[PDB]
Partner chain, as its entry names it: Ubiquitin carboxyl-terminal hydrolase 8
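Single chain ahead, by itself, as structure tokens, in the form deposited without its partner chain.
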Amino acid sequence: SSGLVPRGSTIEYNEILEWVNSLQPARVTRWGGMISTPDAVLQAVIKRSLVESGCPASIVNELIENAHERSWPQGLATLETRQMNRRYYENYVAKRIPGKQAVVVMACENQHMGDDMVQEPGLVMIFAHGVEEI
């Protein structure tokens, strides 16, 4: 991936779709295991796995910014809101980040969820445990 494509274009979306379709579905069994404040090392470690899985270069930095509650939408952003929405998160469609207890929740696979639950291009959620493939 060269990343040399306009954000939000058809040519970028086509590359995203190809990538997302190469990922393995995930089922998240422990929402309470979420790591909402990953430190710099953890973000960088996830970044490498994304890049190795073929993630479009034009979006990888944005997904990584969106791995931490400081850049999560309103339905994920606070301790309180995460308690409120714990069950509702089961509605997300998630793909596994290879070799990691982490998932991508891509906006293109989650149009059913509010803009308060996902924004373009997607979000990353990291967990201590509970992430399973199906």
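Residue numbers count along the first chain shown, from 1.
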Worksheet entry | Of 26-34 and 61-69, the one with larger mean CA B-factor | 26-34
Worksheet entry | Mean temperature factor over C-alpha atoms, higher-scoring stretch between 76-84 and 101-109 | 76-84
Fill in: Ranked against its chain, the third holding the CA B-factor of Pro6
middle
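The following text describes the form deposited with its partner chain bound, which does not appear among the structures shown.
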Discussion item. So in the bound PDB entry, is its partner chain close enough to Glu90 to count as touching (4.5 Å, heavy atoms)?
Written reply: no
Worksheet item: Heavy atoms within 4.5 Å of its partner chain in the bound PDB entry: does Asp39 have any?
Response: yes
Worksheet item: Would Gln83 show up as a contact with its partner chain in the bound PDB entry if we use heavy atoms at 4.5 Å?
Response: yes
Discussion item. Residue-level contact is defined here as any heavy atom of the residue lying within 4.5 Å of its partner chain in the bound PDB entry; does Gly99 satisfy this criterion?
Written reply: no
Worksheet entry | Of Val45, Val51, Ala107, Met34, the one that lies within 4.5 Å of its partner chain in the bound PDB entry (heavy atoms) | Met34
